[PDB]
Amino acid sequence: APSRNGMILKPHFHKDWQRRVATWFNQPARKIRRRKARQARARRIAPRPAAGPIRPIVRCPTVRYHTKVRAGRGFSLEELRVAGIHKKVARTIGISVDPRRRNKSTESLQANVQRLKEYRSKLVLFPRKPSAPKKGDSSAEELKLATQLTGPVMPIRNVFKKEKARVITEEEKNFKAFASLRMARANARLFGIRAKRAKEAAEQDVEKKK
Amino acid sequence: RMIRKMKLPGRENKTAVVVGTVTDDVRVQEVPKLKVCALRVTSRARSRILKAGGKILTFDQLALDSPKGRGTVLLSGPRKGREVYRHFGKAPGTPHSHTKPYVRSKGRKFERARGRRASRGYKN
Amino acid sequence: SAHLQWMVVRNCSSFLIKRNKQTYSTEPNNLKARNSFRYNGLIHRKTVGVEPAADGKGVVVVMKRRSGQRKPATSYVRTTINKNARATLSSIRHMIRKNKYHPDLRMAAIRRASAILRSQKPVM
Amino acid sequence: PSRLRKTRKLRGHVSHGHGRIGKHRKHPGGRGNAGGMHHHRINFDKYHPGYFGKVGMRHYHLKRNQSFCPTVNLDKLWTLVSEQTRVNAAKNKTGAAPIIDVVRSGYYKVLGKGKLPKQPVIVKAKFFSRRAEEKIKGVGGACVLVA
Amino acid sequence: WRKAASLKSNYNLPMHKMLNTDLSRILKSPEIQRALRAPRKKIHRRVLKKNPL
Amino acid sequence: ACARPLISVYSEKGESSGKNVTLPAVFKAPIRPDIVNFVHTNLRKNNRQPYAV
RNA sequence: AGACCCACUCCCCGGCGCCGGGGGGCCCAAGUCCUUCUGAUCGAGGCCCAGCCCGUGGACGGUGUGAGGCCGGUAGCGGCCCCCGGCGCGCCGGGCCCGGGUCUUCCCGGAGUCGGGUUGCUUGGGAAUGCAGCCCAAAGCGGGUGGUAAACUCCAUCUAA
RNA sequence: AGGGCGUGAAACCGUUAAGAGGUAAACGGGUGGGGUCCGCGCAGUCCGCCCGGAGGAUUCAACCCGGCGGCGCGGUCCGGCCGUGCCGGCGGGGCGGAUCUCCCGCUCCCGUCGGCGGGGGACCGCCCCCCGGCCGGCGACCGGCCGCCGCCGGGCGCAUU
RNA sequence: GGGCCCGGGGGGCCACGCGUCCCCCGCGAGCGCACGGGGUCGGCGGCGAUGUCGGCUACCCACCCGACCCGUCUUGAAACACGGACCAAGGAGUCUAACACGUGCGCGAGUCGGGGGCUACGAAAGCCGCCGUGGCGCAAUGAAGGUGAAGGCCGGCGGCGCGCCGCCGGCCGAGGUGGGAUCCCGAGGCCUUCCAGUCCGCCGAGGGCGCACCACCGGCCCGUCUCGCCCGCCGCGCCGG
RNA sequence: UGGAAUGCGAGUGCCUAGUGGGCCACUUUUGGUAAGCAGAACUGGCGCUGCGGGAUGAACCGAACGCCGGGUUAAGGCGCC
RNA sequence: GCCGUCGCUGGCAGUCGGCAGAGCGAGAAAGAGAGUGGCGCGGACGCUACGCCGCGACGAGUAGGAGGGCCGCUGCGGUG
Ligand SMILES: [Mg+2]
Ligand SMILES: [Mg+2]
Ligand SMILES: [Mg+2]
Ligand SMILES: [Mg+2]
Ligand SMILES: [Mg+2]
Ligand SMILES: [Mg+2]
Ligand SMILES: [Mg+2]
Ligand SMILES: [Mg+2]
Ligand SMILES: [Mg+2]
Ligand SMILES: [Mg+2]
Ligand SMILES: [Mg+2]
Ligand SMILES: [Mg+2]
Ligand SMILES: [Mg+2]
Ligand SMILES: [Mg+2]
Ligand SMILES: [Mg+2]
Ligand SMILES: [Mg+2]
Ligand SMILES: [Mg+2]
Ligand SMILES: [Mg+2]
Ligand SMILES: [Mg+2]
Ligand SMILES: [Mg+2]
Ligand SMILES: [Mg+2]
Ligand SMILES: [Mg+2]
Ligand SMILES: [Mg+2]
Ligand SMILES: [Mg+2]
Ligand SMILES: [Mg+2]
Ligand SMILES: [Mg+2]
Ligand SMILES: [Mg+2]
Ligand SMILES: [Mg+2]
Ligand SMILES: [Mg+2]
Ligand SMILES: [Mg+2]
Ligand SMILES: [Mg+2]
Ligand SMILES: [Mg+2]
Ligand SMILES: [Mg+2]
Ligand SMILES: [Mg+2]
Ligand SMILES: [Mg+2]
Ligand SMILES: [Mg+2]
Ligand SMILES: [Mg+2]
Ligand SMILES: [Mg+2]
Ligand SMILES: [Mg+2]
């Protein structure tokens with residue numbers, strides 16, 4: 001029975017919910033398991049970055065988030081072809097590669113090319129044969145000063161261009177923004193029917209001739 | 001609100017006494033110099049008041065400055081400001097009772113159907 | 001301050017003892033041994049104590065000097081008065097009055113320095 | 001803390017705070033919101049008016065991020081930039097006007113509620129309100145749009 | 001209270017709800033002692049009612 | 001208050017060395033036993049292990 | 001796949017053989033020191049100026065109450081000895097005879113399945129979300145999806161059986 | 001503690017002691033009678049002052065020496081220390097800033113020429129540290145000489161104290 | 001009778017000063033006694049060591065008055081209403097989620113790391129801010145497409161016919177009335193031999209600014225209706241305002 | 001001259017348990033021959049409440065309760081119990 | 001007479017002592033105010049202010065509510 005004043009609250013406890021209860025008493029006992037296997041991995045890959053392969057720079061969908069930038073899954077084969085890295089040899093120098101990505105824009109394609117250049121330049125490569133250097137391989141002076149980088153590699157930081165204070169022109173003060181929004185919204189909500197009404201204005205006024 | 005209650009004509013060079021806390025109000029740009037005495041002053045209202053040039057006393061400093069409380073202005077924040085006071089009064093669903101109901105969420109289909117539409121049933 | 005750390009010590013001390021509807025206190029320099037702001041021997045800036053002398057005879061008087069306040073080692077001064085029953089009760093009296101040193105404790109100090117003399121005579 | 005609860009003062013009284021005449025039976029009104037239309041109608045009409053029925057159009061695959069538009073009022077518009085940007089335009093003399101980018105702070109629409117301080121601004125935002133744009137002209141300033 | 005915490009992200013010592021916590025010195029201070037009525041420290045216990053007749 | 005004294009470091013032989021350190025400002029923060037207790041009687045519920053029939 | 005070009009010898013497995021985590025076995029500090037309680041002390045007092053001794057060991061258990069110092073133990077990047085494995089380097093007998101870039105000519109896909117009807121169940125999926133039975137039953141600039149059934153026309157998006 | 005044996009309650013029972021008994025027993029108020037032990041009852045409190053009465057000290061005041069402590073508007077003594085103080089500076093430094101602007105990544109157009117990925121640098125605020133000025137505190141935070149006072153110890157007091 | 005029983009010629013007065021002007025014709029000391037802000041005696045007497053003193057309670061007994069067996073449902077129970085032979089131990093408003101109000105605490109237009117990560121008791125505690133994603137709060141309203149929270153005075157120009165309408169450039173600026181703790185001014189005054197005479201305080205006629213809150217009236221945003229007249233321009237329109 | 005008397009500090013806000021079988025009496029009162037019956041109105045009770053009286057007693061008369069000493073009453077009483 | 005509750009939103013930091021002067025119960029809003037001229041070294045108690053003290057009025061109670069328990073049970077962090 002309801003009291004005087006309160007909520008109409010629906011509790012979702014009409015199933016045998018006591019059987020499928022999940023308690024988190026092992027949460028501290030799994031944070032140590034993950035951290036332990038994270039340092040067994042950061043010790044198995046000795047000088048290689050501890051976070052893993054480098055990830056690309058990636059906008060987000062969904063206008064809620066389409067102004068932040070993120071770290072994707074891999075570098076599209078377009079960006080690898082522009083940077084000049086074989087798609088089957090990229091995965092062996094810690095470059096991430098997923099083929100599913102497209103590149104519609106260019107401002108991001110060149111951002112990821114500049115990203116591969118900035119990585120293939122910071123990359124210290126060890127020679128396949130230890131006792132004998134090779135051609136495409138960092139010289140023995142680096143390898144002794146080669147450390148294991150912690151955290152993500154080349155971390156991705158949302159930046160904003162600093163725009164200095166201008167002086168407002170009489171073309172900027174002339175711009176009625178709200179009218180421009182309500183007009184572009186009308187001229188878009190009505191574009192189809194306007195074009196059809198004008199196809200009728202042009203299909204009738206021709207009959208008068210013949 | 002302490003600005004506009006201390007700008008009223010006559011009460012210049014007085015100490016604004018409060019018993020609660022003096023929060024900031026980010027939607028005010030100019031701050032005068034104020035002699036104030038409250039229990040708490042938030043760390044972004046100490047800044048504004050002191051950069052203005054006002055004093056921030058305590059209740060013991062006030063009790064030493066003016067024991068009988070001469071030269072003071074008692075204030076108190078809005079009491080019906082709490083969102084709680086919107087559910088109080090005449091119960092909802094009652095002729096001319098603009099009282100807020102208790103609802104899980106607010107939306108199209110959360111208490112908008114029968115006791116609100118003149119179409120579906122009635123409305124008050 | 002005294003009233004501050006008294007509002008901390010008034011109930012959750014370790015010398016506080018509460019049984020049989022009475023409430024005494026076992027502080028070092030508490031004379032009358034009762035739990036009160038006035039007679040507490042650890043809260044104030046100037047206290048007085050009257051202990052029995054370590055040997056059989058005499059009464060030691062423990063004043064708390066002003067200069068050393070956070071230095072427990074060099075904070076208290078002690079003076080053993082192994083005299084007759086009356087000169088010692090005119091020396092404690094002078095020690096307190098003529099020095100104007102926590103003067104509301106004087107009759108308490110005499111009443112205690114007499115309990116010690118009485119508890120140091122040969123029993124019957 | 002059970003030692004503070006009300007069942008510790010209710011030891012020794014027979015009905016345990018629940019009545020001699022009308023006992024504390026299990027469910028003497030039904031379970032949950034039962035009888036919303038029959039025997040709990042005075043309560044579902046005095047306290048939850050409009051709880052029964054339909055209204056409006058459905059929208060099957062609603063995605064709450066197509067309609068994302070958080071607003072900021074003019075009163076706290078000047079709080080998005082630092083303080084040495086609002087006062088630098090005070091001390092300024094060449095008429096320069098600071099550019100307040102709102103979508104960079106996390107708002108899309110600009111509503112105009114508060115008063116403004118008398119100095120020019122260039123408000124970059126996604127959506128503007130009529131009054132929010134008039135209060136900006138009336139002080140001297142430009143309402144830039146950003147898609 | 002003027003220099004923030006360096007090792008923590010943003011932390012300043014909690015402020016004080018009263019500074020001079022020595023209300024003995026506050027109470028026997030010339031500021032306050034002058035602004036008081038004389039103490040009414042006389043005890044007037046119940047007067048037995050005799051019979052005026 | 002506001003006056004922060006000058007504590008003196010004590011050598012390992014008990015005798016005071018020459019080094020001094022100005023009393024850090026933490027040692028003037030407000031003493032709040034109610035806050036200390038409320039925090040203690042909640043934080044030490046956390047190291048507790050489950051138990052049930 | 002042909003031609004033009006440039007670039008270019010470790011990669012793998014199998015042993016032989018030697019190079020620095022786990023399990024098991026054994027052991028590693030110091031009071032039974034003086035008086036005194038008891039049926040029995042692990043109790044009580046003492047042990048200077050090495051403030052009785054050890055302490056990286058004062059967890060615990062046993063021992064005739066109650067024990068850091070009686071015993072097993074505890075601490076220790078403490079020791080000693082067995083076995084397993086890994087990580088290593090040589091050597092043998094095998095493998096494998098190898099790549100990228102620009103043109104040119106070529107080739108490119110999963111059917112009683114998708115799909116439609118209808119019936120039953122299921123789903124938040126609402127003119128059918130999914131699944132299944134029966135009937136109809138494909139295409140190849142095709143097919144599916146684009147959360148309201150249908151026609152037209154655009155675009156997006158993957159490439160099912 | 002005597003082989004279902006630590007402690008060994010209650011109901012129930014046996015025997016011993018004491019009382020009682022025809023309105024079932026029990027019960028509340030009020031007394032009286034008897035018991036049981038307790039008070040370790042049975043010559044009844046002490047304490048301050050003063051007066052007298054008989055004795056005993058190595059004893060009072062006042063001075064001198066040494067130590068200690070309190071207080072000091074020592075009007076305003078010397079030297080410190082701090083200020084959730086206030087101004088100054090031919091000062092050094094760190095944090096922050098949606099305040100501004102030589103080298104460098106890479107980019108479009110012929111080493112010239114424009115956009116931008118990066119540290120300087122300028123500036124503003126805060127903070128810290130040396131400089132002078134006052135202000136004011138040392139009662140959450142003092143040191144020496146000077147003064148007054150108290151106390152303790154050692155003398156000196158020969159006893160109408 | 002009343003008028004101090006208006007005026008003239010033996011007992012009781014909380015009456016007993018000198019110096020005028022004038023109508024009526026600021027401190028004397030002592031000394032006691034007490035129907036006086038709730039009891040004292042500066043009054044006594046008896047007994048007290050193997051039989052007596054005290055012990056209200058607690059053990060037994062006696063007598064007088066009172067006195068029905070508890071829990072329970074019930075208008076009503078001592079009930080011919082039900083449970084109850086006796087004793088021991090066990091035995092019934094718990095925990096989780098949600099919500100609401102109240103309350104304490106920290107921060108406060110912000111707030112919170114709960115998830116993740118970094119560094120015996122410790123599975124704890126500490127830390128991260130370019131881990132604050134995200135939750136809740138900071139904006140509502142409409143089914144929706146969507147829209148989204150003071151204005152006024154001033155000149156100058158165009159229009160209607162002195163007002164209004166639109167139009168550029170000024171300055172003023174976030175309502176009002178009533179009640180309203182609190183605070184502010186203050187005419188006058190708060191004694192010591194007498195007046196002027198300042199500072200410090202305090203009281204106070206009257207007058208004010210008015211916290212919170214309450215009532216009322218205005219104003220502002222969205223939906224909706226009614227009546228209208230105008231302005232906007234890359235698209236002049238089933239357009240927008 | 002705060003515009004009759006008498007009395008008394010008021011106003012307001014949340015949260016809220018139990019209850020929603022009632023019964024009796026004076027007076028009025030409907031059905032019924034009537035009923036310790038069924039049903040209403042007003043006030044007071046019992047329920048939730050002892051105490052003195054009515055020998056006894058839910059409701060009648062007096063009177064409402066902390067634990068006690070003195071005094072006086074109410075309603076009822078005063079041959080004996 | 002005693003206990004308790006309620007009210008007075010009562011009183012008490014004034015224990016202001018040879019750096020002394022011991023008062024705020026009294027019918028009448030407000031200073032035991034300043035200045036400006038005519039020997040013997042002595043004095044009970046108090047004040048856990050969540051404490052102490054003074055005045056009046058009051059005291060039934062089922063269902064129910066609230067408070068106070070230096071009432072009691074078992075374990076935990078401290079402390080005796
Ligand atoms: Mg209910
Ligand atoms: Mg009850
Ligand atoms: Mg029941
Ligand atoms: Mg209840
Ligand atoms: Mg019920
Ligand atoms: Mg229930
Ligand atoms: Mg029905
Ligand atoms: Mg043992
Ligand atoms: Mg021993
Ligand atoms: Mg042991
Ligand atoms: Mg030992
Ligand atoms: Mg050993
Ligand atoms: Mg060993
Ligand atoms: Mg070991
Ligand atoms: Mg099924
Ligand atoms: Mg189903
Ligand atoms: Mg389509
Ligand atoms: Mg035994
Ligand atoms: Mg045993
Ligand atoms: Mg046995
Ligand atoms: Mg017998
Ligand atoms: Mg009888
Ligand atoms: Mg029953
Ligand atoms: Mg019945
Ligand atoms: Mg019967
Ligand atoms: Mg039954
Ligand atoms: Mg039975
Ligand atoms: Mg039990
Ligand atoms: Mg409720
Ligand atoms: Mg709350
Ligand atoms: Mg019922
Ligand atoms: Mg009837
Ligand atoms: Mg009942
Ligand atoms: Mg009643
Ligand atoms: Mg009655
Ligand atoms: Mg009769
Ligand atoms: Mg009587
Ligand atoms: Mg009779
Ligand atoms: Mg009662």
# chains A, B, ... in the order shown; residues from 1 in each chain; ligands from 1
>>> residues_near_ligand(ligand="ligand 14", cutoff="8 Å", atoms="only C-alpha atoms (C1' of nucleotides) and all ligand atoms", output="PyMOL selection string")
chain G and resi 74-76
>>> residues_near_ligand(ligand="ligand 3", cutoff="9 Å", atoms="only C-alpha atoms (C1' of nucleotides) and all ligand atoms", output="PyMOL selection string")
(chain D and resi 14-16+18-24) or (chain I and resi 72-73)
>>> write_last_selection(atoms="N, CA and C atoms (P, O5', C5', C4', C3', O3' and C1' of nucleotides)", output="PDB file, in the first residue's frame")
ATOM      1  N   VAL D  14       3.614  -5.998  23.445  1.00  0.00           N
ATOM      2  CA  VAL D  14       3.191  -7.228  22.781  1.00  0.00           C
ATOM      3  C   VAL D  14       3.202  -7.056  21.268  1.00  0.00           C
ATOM      4  N   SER D  15       2.555  -6.007  20.769  1.00  0.00           N
ATOM      5  CA  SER D  15       2.351  -5.872  19.334  1.00  0.00           C
ATOM      6  C   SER D  15       3.562  -5.303  18.609  1.00  0.00           C
ATOM      7  N   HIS D  16       4.633  -4.970  19.326  1.00  0.00           N
ATOM      8  CA  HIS D  16       5.867  -4.497  18.705  1.00  0.00           C
ATOM      9  C   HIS D  16       5.596  -3.292  17.808  1.00  0.00           C
ATOM     10  N   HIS D  18       2.887  -2.128  16.338  1.00  0.00           N
ATOM     11  CA  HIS D  18       2.150  -2.356  15.106  1.00  0.00           C
ATOM     12  C   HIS D  18       0.649  -2.534  15.286  1.00  0.00           C
ATOM     13  N   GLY D  19       0.133  -2.491  16.502  1.00  0.00           N
ATOM     14  CA  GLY D  19      -1.312  -2.481  16.657  1.00  0.00           C
ATOM     15  C   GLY D  19      -1.832  -3.734  17.337  1.00  0.00           C
ATOM     16  N   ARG D  20      -2.809  -3.550  18.223  1.00  0.00           N
ATOM     17  CA  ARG D  20      -3.524  -4.672  18.819  1.00  0.00           C
ATOM     18  C   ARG D  20      -4.758  -5.048  18.009  1.00  0.00           C
ATOM     19  N   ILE D  21      -5.551  -4.057  17.603  1.00  0.00           N
ATOM     20  CA  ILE D  21      -6.777  -4.341  16.862  1.00  0.00           C
ATOM     21  C   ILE D  21      -6.445  -4.796  15.448  1.00  0.00           C
ATOM     22  N   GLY D  22      -5.808  -3.925  14.672  1.00  0.00           N
ATOM     23  CA  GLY D  22      -5.356  -4.297  13.347  1.00  0.00           C
ATOM     24  C   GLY D  22      -3.924  -4.785  13.376  1.00  0.00           C
ATOM     25  N   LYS D  23      -3.736  -6.085  13.180  1.00  0.00           N
ATOM     26  CA  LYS D  23      -2.424  -6.686  13.335  1.00  0.00           C
ATOM     27  C   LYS D  23      -1.488  -6.177  12.243  1.00  0.00           C
ATOM     28  N   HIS D  24      -0.234  -6.625  12.298  1.00  0.00           N
ATOM     29  CA  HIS D  24       0.716  -6.394  11.213  1.00  0.00           C
ATOM     30  C   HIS D  24       0.719  -7.640  10.336  1.00  0.00           C
TER      31      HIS D  24
ATOM     32  P     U I  72      -2.155  -9.171  26.347  1.00  0.00           P
ATOM     33  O5'   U I  72      -3.118  -9.908  25.317  1.00  0.00           O
ATOM     34  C5'   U I  72      -2.599 -10.578  24.176  1.00  0.00           C
ATOM     35  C4'   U I  72      -3.624 -11.508  23.582  1.00  0.00           C
ATOM     36  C3'   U I  72      -4.891 -10.830  23.101  1.00  0.00           C
ATOM     37  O3'   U I  72      -4.701 -10.267  21.816  1.00  0.00           O
ATOM     38  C1'   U I  72      -5.422 -12.795  24.315  1.00  0.00           C
ATOM     39  P     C I  73      -5.057  -8.733  21.514  1.00  0.00           P
ATOM     40  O5'   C I  73      -6.424  -8.770  20.701  1.00  0.00           O
ATOM     41  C5'   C I  73      -6.538  -9.511  19.496  1.00  0.00           C
ATOM     42  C4'   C I  73      -7.890 -10.165  19.366  1.00  0.00           C
ATOM     43  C3'   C I  73      -9.067  -9.239  19.564  1.00  0.00           C
ATOM     44  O3'   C I  73      -9.256  -8.351  18.481  1.00  0.00           O
ATOM     45  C1'   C I  73      -9.508 -11.297  20.602  1.00  0.00           C
TER      46        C I  73
END
>>> select_by_dssp(residues="chain C", states="strand (DSSP E or B)", output="list in words")
residues 16, 17, 18, 19, 22, 23, 24, 25, 34, 48, 49, 50, 51, 52, 59, 60, 61, 62, 63, 64, 76, 77, 78, 79, 80 and 81 of chain C
>>> interface_residues(of="chain C", to="chain K", cutoff="12 Å", atoms="only C-alpha atoms (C1' of nucleotides)", output="tab-separated table (two decimals) with C-alpha atoms, in the first residue's frame")
chain	number	residue	atom	x	y	z
C	3	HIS	CA	39.19	25.73	26.42
C	6	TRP	CA	39.41	20.90	27.28
C	7	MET	CA	36.52	20.42	24.89
C	9	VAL	CA	39.64	16.07	27.00
C	10	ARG	CA	36.37	16.53	28.92
C	11	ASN	CA	35.10	13.02	28.10
C	12	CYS	CA	37.64	10.94	26.12
C	13	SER	CA	40.72	11.25	28.31
C	14	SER	CA	42.67	8.33	29.78
C	15	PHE	CA	42.81	9.73	33.32
C	16	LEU	CA	39.03	10.14	33.39
C	17	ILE	CA	37.38	7.58	35.69
C	18	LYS	CA	33.58	7.19	35.82
C	19	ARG	CA	31.92	4.80	38.26
C	20	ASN	CA	29.49	4.98	41.18
C	21	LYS	CA	27.88	8.20	39.92
C	22	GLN	CA	31.20	10.00	40.51
C	23	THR	CA	33.76	11.23	37.99
C	24	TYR	CA	37.32	11.83	39.20
C	25	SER	CA	40.51	12.40	37.23
C	26	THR	CA	44.02	10.97	37.59
C	33	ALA	CA	41.63	14.94	41.60
C	34	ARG	CA	38.19	15.83	40.19
C	35	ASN	CA	37.44	16.23	36.49
C	36	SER	CA	36.87	19.94	35.90
C	37	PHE	CA	38.17	22.69	33.64
C	38	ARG	CA	39.45	24.64	36.64
C	39	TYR	CA	41.43	21.88	38.37
C	40	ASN	CA	42.74	19.98	35.34
C	90	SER	CA	52.39	29.66	54.68
C	93	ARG	CA	50.18	30.33	50.40
C	94	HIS	CA	52.91	32.83	49.59
C	97	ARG	CA	49.33	34.69	46.40
C	98	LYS	CA	52.48	36.80	46.38
C	99	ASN	CA	53.31	35.41	42.94
C	100	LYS	CA	49.71	35.91	41.75
C	102	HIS	CA	46.70	30.76	39.45
C	103	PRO	CA	45.24	32.26	42.64
C	104	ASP	CA	41.91	30.39	42.71
C	105	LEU	CA	43.81	27.18	43.55
C	106	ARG	CA	45.37	28.33	46.83
C	107	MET	CA	42.90	26.93	49.36
C	108	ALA	CA	42.87	23.72	47.31
C	111	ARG	CA	43.82	21.62	51.82
>>> residues_around(residues="region 9-24 of chain E", least_positions_apart="3", cutoff="6 Å", atoms="only C-alpha atoms (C1' of nucleotides)", output="ChimeraX atom specification")
/B:39,58 /C:1 /E:1,4-5,27 /F:1
>>> residues_near_ligand(ligand="ligand 32", cutoff="9 Å", atoms="only C-alpha atoms (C1' of nucleotides) and all ligand atoms", output="list in words")
residues 23, 37, 38 and 39 of chain J
>>> residues_around(residues="residue 87 (chain C)", least_positions_apart="6", cutoff="12 Å", atoms="only C-alpha atoms (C1' of nucleotides)", output="PDB file with N, CA, C and O atoms (P, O5', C5', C4', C3', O3' and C1' of nucleotides), in the first residue's frame")
ATOM      1  N   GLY C  58      57.942  15.492  54.038  1.00  0.00           N
ATOM      2  CA  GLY C  58      58.008  16.642  53.159  1.00  0.00           C
ATOM      3  C   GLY C  58      56.875  16.647  52.147  1.00  0.00           C
ATOM      4  O   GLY C  58      56.164  15.662  51.947  1.00  0.00           O
ATOM      5  N   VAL C  59      56.717  17.801  51.501  1.00  0.00           N
ATOM      6  CA  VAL C  59      55.691  17.989  50.478  1.00  0.00           C
ATOM      7  C   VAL C  59      56.339  18.705  49.301  1.00  0.00           C
ATOM      8  O   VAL C  59      56.901  19.789  49.474  1.00  0.00           O
ATOM      9  N   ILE C  81      59.356  20.936  50.283  1.00  0.00           N
ATOM     10  CA  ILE C  81      59.198  21.683  51.521  1.00  0.00           C
ATOM     11  C   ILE C  81      59.085  20.688  52.668  1.00  0.00           C
ATOM     12  O   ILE C  81      58.019  20.098  52.882  1.00  0.00           O
ATOM     13  N   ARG C  93      51.043  29.156  50.468  1.00  0.00           N
ATOM     14  CA  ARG C  93      50.178  30.327  50.399  1.00  0.00           C
ATOM     15  C   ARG C  93      50.915  31.518  49.807  1.00  0.00           C
ATOM     16  O   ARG C  93      50.359  32.244  48.974  1.00  0.00           O
ATOM     17  N   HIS C  94      52.181  31.716  50.180  1.00  0.00           N
ATOM     18  CA  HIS C  94      52.914  32.826  49.587  1.00  0.00           C
ATOM     19  C   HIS C  94      53.264  32.517  48.139  1.00  0.00           C
ATOM     20  O   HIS C  94      53.064  33.362  47.260  1.00  0.00           O
ATOM     21  N   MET C  95      53.709  31.286  47.868  1.00  0.00           N
ATOM     22  CA  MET C  95      54.042  30.858  46.518  1.00  0.00           C
ATOM     23  C   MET C  95      52.930  31.182  45.546  1.00  0.00           C
ATOM     24  O   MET C  95      53.193  31.447  44.369  1.00  0.00           O
ATOM     25  N   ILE C 110      46.453  24.304  49.898  1.00  0.00           N
ATOM     26  CA  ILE C 110      46.618  24.152  51.340  1.00  0.00           C
ATOM     27  C   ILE C 110      45.855  22.927  51.833  1.00  0.00           C
ATOM     28  O   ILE C 110      46.375  22.128  52.622  1.00  0.00           O
ATOM     29  N   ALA C 113      47.979  20.002  50.844  1.00  0.00           N
ATOM     30  CA  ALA C 113      49.238  19.929  51.566  1.00  0.00           C
ATOM     31  C   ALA C 113      49.016  19.666  53.040  1.00  0.00           C
ATOM     32  O   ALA C 113      49.981  19.398  53.762  1.00  0.00           O
ATOM     33  N   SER C 114      47.768  19.730  53.494  1.00  0.00           N
ATOM     34  CA  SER C 114      47.447  19.329  54.851  1.00  0.00           C
ATOM     35  C   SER C 114      47.069  17.860  54.895  1.00  0.00           C
ATOM     36  O   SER C 114      47.408  17.165  55.854  1.00  0.00           O
ATOM     37  N   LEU C 117      50.510  16.135  55.044  1.00  0.00           N
ATOM     38  CA  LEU C 117      51.069  16.159  56.390  1.00  0.00           C
ATOM     39  C   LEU C 117      50.303  15.217  57.306  1.00  0.00           C
ATOM     40  O   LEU C 117      50.905  14.507  58.120  1.00  0.00           O
TER      41      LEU C 117
ATOM     42  P     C H  60      64.394  28.361  62.376  1.00  0.00           P
ATOM     43  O5'   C H  60      63.360  29.551  62.593  1.00  0.00           O
ATOM     44  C5'   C H  60      61.963  29.306  62.633  1.00  0.00           C
ATOM     45  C4'   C H  60      61.225  30.491  63.200  1.00  0.00           C
ATOM     46  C3'   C H  60      61.582  31.829  62.571  1.00  0.00           C
ATOM     47  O3'   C H  60      60.870  32.062  61.369  1.00  0.00           O
ATOM     48  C1'   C H  60      61.593  32.024  64.935  1.00  0.00           C
ATOM     49  P     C H 151      58.249  33.024  51.008  1.00  0.00           P
ATOM     50  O5'   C H 151      58.846  31.717  50.328  1.00  0.00           O
ATOM     51  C5'   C H 151      58.000  30.691  49.832  1.00  0.00           C
ATOM     52  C4'   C H 151      58.759  29.760  48.922  1.00  0.00           C
ATOM     53  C3'   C H 151      59.993  29.143  49.562  1.00  0.00           C
ATOM     54  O3'   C H 151      59.689  28.035  50.387  1.00  0.00           O
ATOM     55  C1'   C H 151      60.559  29.961  47.435  1.00  0.00           C
TER      56        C H 151
END
>>> closest_residue(among="B:26, B:55, B:11, B:6", to="chain H", atoms="only C-alpha atoms (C1' of nucleotides)")
B:55
